[PDB]
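Structure first, then comments.
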Amino acid sequence: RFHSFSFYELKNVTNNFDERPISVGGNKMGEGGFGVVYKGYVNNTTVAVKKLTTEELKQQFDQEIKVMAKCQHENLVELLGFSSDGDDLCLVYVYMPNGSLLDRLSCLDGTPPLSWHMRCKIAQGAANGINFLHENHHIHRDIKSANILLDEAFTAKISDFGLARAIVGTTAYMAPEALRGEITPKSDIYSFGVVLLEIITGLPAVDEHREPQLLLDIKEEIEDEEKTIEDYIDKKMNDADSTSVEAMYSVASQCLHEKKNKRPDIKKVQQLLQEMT
Ligand SMILES: Cc1ncc(-c2nc3c(OC4(C)CC4)nc(Nc4cnn(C5CCN(C)CC5)c4)nc3cc2F)cn1
């Protein structure tokens with residue numbers, strides 16, 4: 001816990017950082033978070049190799065390793081190693097066979113839709129991961145469905161601690177105070193509220209070809225009685241029940257309070273999600 005890898009070992013296990021997608025015979029799994037993620041192999045383990053303002057990127061790399069060293073939990077991704085050249089930076093993680101929550105909600109690459117039952121477990125798991133971070137006095141600063149990874153049993157794993165500490169983030173998930181420059185765990189709660197709406201609706205947080213463009217704005221439509229939560233429930237499920245959907249929506253609505261001090265803390269969010277099932 002944890003090794004340094006030679007840049008050449010990682011280059012060799014990712015077929016020379018083969019930028020072609022897995023489907024074509026390459027090693028590229030994705031791109032985001034200032035990098036490209038490649039599928040690699042270390043003896044009995046499939047791994048994810050993330051190949052990464054010059055000095056600011058190195059600070060993000062060092063920060064992530066620091067967070068990983070301190071924060072070990074069932075609902076946080078596990079770092080296996082790192083490389084560091086030179087001007088070549090790699091982070092090696094336990095491979096998550098089910099990718100991100102974002103991609104599973106959109107059924108990317110033809111994966112079947114997540115059941116309401118699975119969605120409830122993922123929401124609980126993600127809240128448990130955030131609770132571990134907040135209990136250990138860390139603010140994530142980039143809570144989003146792309147940063148919630150899914151293992152072999154669809155267990156939620158909080159990812160990307162590159163921005164974490166004691167104006168950056170993703171605009172569609174950011175709390176008003178975060179957009180103004182404030183750093184608070186209360187902003188993580190707001191972002192988790194957007195994730196909960198993505199879980200209920202199966203809709204992305206932002207869509208330029210949609211009315212409203214921002215998913216968080218459906219809260220206003222529902223409050224003003226222009227729409228109902230029933231109207232927005234992801235139709236790609238057969239096992240959703242109005243009671244538990246309304247209970248998850250009530251949590252999301254509380255998380256999305258415009259006034260940071262009126263939002264529940266992560267312990268309250270966990271309690272509410274536990275009561276839901
Ligand atoms: C800072 C930081 N950065 C990245 C990680 C991290 N990232 C990924 C990851 O990132 C992506 C989502 C972008 C590709 N992907 C996967 N695995 C995967 C990817 N695609 N799939 C598919 C294969 C096709 N089928 C059809 C459906 C599932 C499985 N594991 C990961 C494991 C990690 F630790 C952690 N921390």
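When we count neighbours, we look across all protein chains shown, and the Cβ atoms used for this are built from the backbone with ideal geometry, even at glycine. Rule-based calculations on the coordinates, nothing more; no lab input.
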Long-range alpha-carbon pairs in the stretch 1-144, meaning those over 17 Å apart, account in percent for 66 percent
Binned at 5 Å starting from 0, the alpha-carbon pair-distance distribution of the chain in whole percents comes out as 1, 6, 12, 16, 19, 16, 13, 9, 5, 2, 1, 0
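If we sort 28-35, 225-232, 205-212 on the protection proxy, mean other Cβ atoms within 10 Å, highest first, what's the order? Intermediate values should be presented prior to the final figure.
Working: 28-35: 16.4, 225-232: 13.0, 205-212: 11.4.
Highest mean packing first, the order is 28-35, 225-232, 205-212.
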Log10 I(q)/I(0) at q = 0.25 Å⁻¹ for the stretch 203-277, from Debye over equal alpha-carbon scatterers, is -1.31
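Once you have the Cα-Cα distance between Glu152 and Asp85, take 0.36 nm times their residue separation minus that, and quote the gain in nm to one decimal.
Numbers: separation 67, 0.36 × 67 = 24.12 nm, distance 3.20 nm.
Taking 0.36 nm per residue and subtracting the Cα distance, the gain is 20.9 nm.
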The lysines whose Cα lies under 28 Å from the Cα of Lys262, excluding any fewer than 8 residues away in the same chain, are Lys121, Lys144, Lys157, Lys186, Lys219, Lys227
Expressed in nanometres to one decimal, the distance between label points 7 Å along Cα→Cβ at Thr171 and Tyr8 is 4.5 nm
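Exposure proxy check: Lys50, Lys236, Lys70, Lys11 ranked by fewest other beta carbons within 10 Å?
Values: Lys50 26, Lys236 14, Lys70 10, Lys11 19.
Placing the least packed residue first, the sequence is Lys70, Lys236, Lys11, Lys50.
If you take the beta carbon distance between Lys70 and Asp224 as r and set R0 to 30 Å, what does 1/(1 + (r/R0)^6) give as a FRET efficiency, to the nearest 0.05?
Details: r = 44 Å, r/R0 = 1.46.
About 0.10, to the nearest 0.05.
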Given 96-104, 184-192, 61-69, the highest-first ranking by average Cβ count within 10 Å works out to 184-192, 96-104, 61-69
Taking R0 as 22 Å and r as the Cβ-Cβ distance between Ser244 and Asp217, the FRET efficiency 1/(1 + (r/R0)^6), rounded to the nearest 0.05, comes to 0.40
